[PDB]
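Chains as they are written, first to last, in this note's numbering: chain A, 725 to 855; chain B, 897 to 1648; chain C, 66 to 107; chain D, 123 to 225; chain E, 780 to 875.
Note that CB positions come from ideal geometry on N, CA and C, so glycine has one too.
Structure, as C-alpha cells:
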Ligand code: SF4
Ligand SMILES: [Zn+2]
Ligand SMILES: [Zn+2]
Ligand SMILES: [Zn+2]
C-alpha cells in the first residue's frame, strides 16, 4: 500500500509516525520503525516476502517521487552522472559528439534501469571511473 | 459618398458622414503616410468600423502598393460584424464604380465555427473537433485508404472536394461573411475552414481575432501567410493585454498531473508495442533527428503538430535535438520523471512565487533535467506522436499540457512567474493544489507584431488613457488622440450614483456584498429603472459570484418579483450556449416591446463584442466598479511587475483596468447619433474616477451628476427619456452633428 | 475526547459536561377592574 | 392591469374590417405604459395591419417605446413622425388637436 | 425561483414530480436550443481559440460552490428564470 507499511502493519490513520523510507538496492515501502528495528543490529535481507537482498540501514533514504520506477531511474542517473560528466566544454564545442555522448549515457542509464546488460555496463562504468 | 482626402479618393458607403469619421480618416491617412503605430479613440456609437474599412479599402485600391489589411478584432462576433460592414462597403463600391474589382476578403476562425461536416458538428469542444478533422484530413487516412481501399478509415468530403479545384477558384471574388461563406460552402460541399486557411496569402483583407496574431499556438501558421508590410488594425484593443497574457500562460492541476502519468504509461505501452512490431518507423525518425531535421522538416505542410508550439517562433532554438530525448524510450522516461517532479512540487502547504530560473535550477539539481532538452519537449512529443501513428489522442492531452508547460518555462525566464497555490479555491474543504505559470509582461506576446509590421492602428471606442498602453506595451506612437462627438443634443446622459434613496452609500466591494442595506438600495434602484425604461436594460456586475449572491438574495427579498411585473429577467449563464439563447431572447423581448433586463458580468462574455444598439440598450445599470479580485496571486504578481518595470502604481493600474472594463460596458449602448441611452454607475467610488473615463463620456458627464442618489437619478432619467423621445430638429443637426457631401466640402475648404 | 488530540487522532466527541461547563399594587380606577387587560409584552 | 398592444390591435383590426375601401382605416393609440404583454406574436399583427392598409398613430406618455415606433413606421409607409410623445399639458393638447386633421 | 433547502418539508405527493419536472426542464432545452446568428454567437466566441490554455479564472469569475466543491444551486434558479423568459418568448412564436 502507498499509505501503509506491510512489514510492521501500521496505518497512517491511527499511527502517523510512519515514514516513506526506501532502499536503493530494493525499493520497498518500509517505515522508519521497521528500519530501526531490523537493521540497527546489522545488515539483513529484505523483509518483503519474495525478496532476500542484503541491505544496510545507513543506505536507507526517503523517496522523493511517488513512482518507484522514476525514483530508481533518477537514482541510477545520479550514480552515473557523478562520473559521467563530460560537457560541451569538454568536447570543445563539438555538438554532434556531445549529442552522441548524451545518447550513450542515456543508453547505459536505460540498460542499468532494466538490467538487460548489467554486467557489461557495470564493468564499463568501473573502468570509466578508474580514470 | 465619394470624396477626396489629399490625393486619396474615399468611397464612403453612406450619403451622410459624421465629422468625427472624417477626422478619423484624416488621422489614419496621416499615420499611414508617415508609417508608424497609432492609438485612435473614436467615441462609440459613431461608425468606427465603417470608417476604418472605407479608408483602408480606398488606400489599398487607389495607392498602387495594394497593401494587405489585417483587421484584428477581439471576438468572432465582431469579426462577423466587420465582415458585414465590409460587404456593404464593397457593394457600395461596386455600385459606384460600376464593376466589382479584383478583391478578396475573408474572416478566419476555428474549425468549430466552420465545420460543415455532419458527423463532427455536435461536439461541444473545439479540441475534439480539431482532432477529428485532423484524423480525417492528416493525409495518413488518405494514403491508408489509397493503399487499402477496404480500410475502415474515412475522409471528409468537404476537404476532399477542395483537391478538385484550385486555390484561386475556391470562392468567387468579393467578401464572404461567415453566414454567407457557410451557405456557399454548404451549396458547393466544401470546407470553409480550409478554404479560408489556404487563401490567406490571396486575401486583400483578412479579419481574425487577437488569438490568431498573439497566441503562438495558432498564429504560427497564420503569420507566415500574411504579408509583412500589411496594414494592421487592432479593433477594440483595450483588452489586448489580457489576450497577450493568456497567450503565454498555463495552469496545471493535480488531475492534469494524474492524467499526465496515465498518458505517459499509455505512451510507454504504445512505444513498446511499436518496437515489438516495427522498429523501422522509429529508426528513420531517430536518424532524421540525428541529421538535425526539425518538426517542420519531418511534418508535411498539410498536417499539423500534435502539440502546438506554445512559444514565439523567434524564441525557438534552431539547433538539433540534444540527444537526451532523441531516443523514444529516453524521451518517455524524461517526460515521466518531469511529470513526477511536477507532482513532487505540487505537494506543498503554502504559496511559492519563484522565477523560471530558480525552478530550472531546482529541477536540475533534483532530477538532472536541463533547460535545453526542455526547450524541445513539445517538438519531440509531436514528432513521437506522429511516428507512433496513434489513432486515439484523448489519452495524450495532458501530455500536451506538460509539453506546453515545459517549453514555456524553459524558453522564458524573464517577465514570467510560477505560482503554486495549495488551495485553488478557498471554499473547498479538501485542498486542491494548482500550479500556475503566468505571464507578467504583456509586451512579450505583442513584441514580434510591432517588429513585423511597421504601421499598426490600435483602435478602441473606449481606450483611455491613451498613454497607458505605450508604457504597458513597448511600442512608440507617432500620434495618439481621442475624439469627442459633436452633438446637437446630449444623446447620452451618464450619471454617477454614490448613494441610495435613503442616502446610504452604495458599493460593490466583495466583502460587503451580503449587506442588506446595499443590496436593498441596488434592488430598489433596479426596480425603479425597470419601471422607467421603455425598451430594455443591460446590467453589469463586477463578478459572476457577486451576481449570484445579489440575485439570490434579491429573489429572497422579492425584488425580482417586482421586476417581473415590467421586464423579463435574463441572466448571463456560465454556459455559452445558454448565454447566447438568453441574449437572443433579450433581443426578441426588446424588439416586441415586452421589455427585458439582462444581468451580465462586466468582464464576462456579453461585455465583449456584443452590442446593444437602440432598443437593446436604453440603460446600462452598472452595479459597482468592476474591480478584479485584488488578493489573487496572479494579479498581485502582475501589479508588482508593472510597478517595478514601468513605474505604474498598483492602485492606478487596478483603477485603470476596472475603468476600462466599465468604459467598454458603457460603449455598447450607442450606435449612431440618433441612438440614445443612459449610463448609470451605482458605486460611491466612480465619483473620483471621472477623469479616468474616456474623453467623450467625460464630456457627456455633467459635474452635477457626480454624486447623485437614486431618486434624482430616476427623475433625471425620466426627464431625459421624455426629452429625446421628441423628434429632433433637422435644422439643428444639418451641418453640425452630421455632414452631407456639401458640408464636408465646406469643411475641407475651411480647413485650408 | 481531549486526549485524542494529544495523540494526533481526531476525536468525534466534544468534551463532556465534566470538564468545563456553566409586586401587586393598589388600583385607583376601580370602575374598570377587568375591563383593562394586562400587557407584559408589546 | 397590464396593457396588451396585440389584443388592442387585433380588436381594432376586427372593428376596421367592415370599413369600406374608400374610407381610410386609422388607429389612434393613447399608450401610457412602457412595456406591454401580448398573448401571441405582435409582428404578425403588425404585418396583418400593414396588409389591411391600417395606419396607426400612437401618442406615448412616458418615453419612446420601440414596438410603438416600429408599428407607426410600418403602418405609415416608413414615416417615423406618427409616434408622438408629449412634453407637458399644452403639448398633450396640441398632440390631441393634431389628430383631428386627416392624414 | 426560490433556492431549495433540504430542511423544508415540501409535500410528499407533489414532490414525486420533481424528477419529472427536471425531465420537463431538460425537454424544454431541446426545442429552445437552436443555432444563432454569428452577430450574437457567444458560443463561438469562446471557440474562436480552441487551444487556448491560459490562467484559470478565479472563484469570482466562476459559479459558487459549497464546502465540498459541489454546486450550491444558485445557478439553477438563474437557468430557471432564463428558461421561464425563453418559454414566455417562444409562446408568442405560434400561429396566433
Ligand atoms: S475538413 Fe472542414 S468540414 Fe471536414 S471535418 Fe475538418 S473542419 Fe469539418
Ligand atoms: Zn513498518
Ligand atoms: Zn528487497
Ligand atoms: Zn470551576
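(request) Please decide whether residue 765 (chain A) counts as near chain C, where near means a Cβ-Cβ distance under 8 Å. (result) no
(request) For the beta strand (DSSP E) holding residue 1109 (chain B), just list the boundary residues, first then last. (result) Element bounds for residue 1109 (chain B): not the beta strand (DSSP E) but the alpha helix (DSSP H), 1107-1110.
(message) Please state whether the Cβ-Cβ distance between residue 842 (chain E) and residue 1319 (chain B) is less than 8 Å.
(response) no
(message) For the structure I just gave you, are there three or more beta carbon pairs, one from the segment 1489-1496 of chain B and one from the segment 833-847 of chain E, closer than 8 Å?
(response) no
(request) Establish whether the CB of residue 792 (chain A) and some CB of chain B are separated by less than 8 Å. (result) no
(message) Quick check: the Cα distance between residue 1585 (chain B) and residue 1403 (chain B), rounded to an integer number of angstroms?
(response) 14 Å
(request) Measure the alpha-carbon distance for residue 1636 (chain B) versus residue 1630 (chain B) and round it to whole angstroms. (result) 8 Å
(request) Give the residues of chain A in contact with residue 1226 (chain B), contact being defined as C-beta atoms less than 7 Å apart. (result) 830, 834
(message) Taking a contact to mean a Cβ-Cβ separation below 8 Å, would you say residue 1351 (chain B) touches residue 1128 (chain B) in this structure?
(response) With respect to the 8 Å criterion, residue 1351 (chain B) and residue 1128 (chain B) are classified as neighbours on the basis of their beta carbons.
(request) For residue 820 (chain E), collect the residues of the same chain with a Cβ closer than 6 Å to its Cβ; drop the 5 residues on either side in sequence, then sort them by chain order. (result) none
(request) Could you have a look at residue 1635 (chain B) and say whether DSSP puts it in helix, strand or coil? (result) strand
(message) DSSP three-state label for residue 801 (chain E), please.
(response) Helix, per DSSP.
(request) Classify residue 1645 (chain B) as helix, strand or coil using the three-state DSSP reduction. (result) Looking at residue 1645 (chain B) - three-state DSSP - the assignment turns out to be helix.
(message) Short of 9 Å Cβ to Cβ, which residues in the segment 1218-1242 of chain B face chain A?
(response) 1218, 1219, 1220, 1221, 1222, 1223, 1225, 1226, 1229, 1230, 1232, 1233, 1235, 1236, 1237, 1239, 1240
(message) Here's the rule: buried if 16 or more other CB atoms are within 10 angstroms of the residue's CB, otherwise exposed. What is residue 769 (chain A)?
(response) exposed
(request) Going by CA-CA distance only, name the one from B:1141, B:1274, B:1050 that's closest to residue 1206 (chain B). (result) Distance check between residue 1206 (chain B) and each of B:1141, B:1274, B:1050 places B:1274 closest, using alpha-carbon atoms only.
(message) Please determine whether the Cβ atom of residue 1089 (chain B) lies at a distance below 7 Å from any heavy atom of ligand 1.
(response) In this structure, the C-beta of residue 1089 (chain B) approaches ligand 1 to less than 7 Å from one of its heavy atoms.
(message) Are the CB atoms of residue 1058 (chain B) and residue 1087 (chain B) within a distance shorter than 8 Å?
(response) Against a cut-off of 8 Å, the Cβ pair of residue 1058 (chain B) and residue 1087 (chain B) comes out as a contact.
(message) residue 1609 (chain B) and residue 1393 (chain B) - do their beta-carbons sit closer together than 8 Å?
(response) yes
(message) Does the segment 1415-1423 of chain B come into contact with the segment 1500-1507 of chain B, if we say contact requires no fewer than three beta-carbon pairs (one atom in each stretch) closer than 8 Å?
(response) no
(request) Determine the closest residue to residue 981 (chain B) out of B:955, B:991, B:963, B:947, with distance taken between C-alpha atoms. (result) B:947
(request) Between the Cα of residue 1474 (chain B) and those of E:870, E:785, E:813, E:791, spot the shortest distance and give me the residue it belongs to. (result) E:813
(message) I want to verify the contact list: residues of chain E whose CB lies under 8 Å from the CB of residue 1370 (chain B), in sequence order.
(response) The premise fails here: residue 1370 (chain B) is roughly 21 Å from chain E at the closest Cβ pair, so nothing lies under 8 Å.
(message) Once DSSP output is grouped into helix, strand and coil, what is the label at residue 795 (chain E)?
(response) It is helical.
(message) Below 7 Å, is the gap between the Cβ of residue 878 (chain B) and the nearest heavy atom of ligand 1?
(response) Shown here, chain B extends from 897 to 1648; a query on residue 878 (chain B) therefore has no answer.
(message) Using the Cβ count rule (16 or more neighbours within 10 Å means buried), how would you classify residue 1454 (chain B)?
(response) Taking a 10 Å sphere around the C-beta of residue 1454 (chain B), we find fewer than 16 other C-beta atoms and assign the residue as exposed.
(request) Taking 8 Å as the cut-off, decide whether the C-beta atoms of residue 1594 (chain B) and residue 1356 (chain B) are in contact. (result) No.
(message) Quick check on this structure: which residue in D:135, D:139, D:144, D:217 has the alpha carbon closest to the alpha carbon of residue 164 (chain D)?
(response) D:135
(request) With 8 Å as the C-beta to C-beta threshold (strictly closer), list the residues of the segment 1082-1114 of chain B near chain D in chain order. (result) none
(request) Run down chain D in chain order and give the residues with a C-beta less than 9 Å from the C-beta of residue 811 (chain E). (result) Chain D residues near residue 811 (chain E): none, gap ~16 Å exceeds 9 Å.
(message) At a threshold of 7 Å, does residue 1033 (chain B) count as lining ligand 1 (C-beta to nearest heavy atom)?
(response) yes
(request) Identify the continuous alpha helix (DSSP H) that holds residue 1307 (chain B) and give its terminal residues. (result) Going by DSSP, residue 1307 (chain B) is part of the alpha helix (DSSP H) stretching over 1293-1307.
(request) May I ask whether a heavy atom of ligand 3 can be found less than 7 Å away from the beta carbon of residue 777 (chain A)? (result) yes
(request) Please check if any C-beta of chain D sits within less than 8 Å of the C-beta of residue 861 (chain E). (result) no
(request) Quick one: grab the DSSP three-state call for residue 1514 (chain B). (result) strand
(request) Using a Cβ-Cβ cut-off of less than 7 Å, list which residues of the segment 1419-1440 of chain B approach chain E; keep chain order. (result) Answer in chain order: 1439, 1440.
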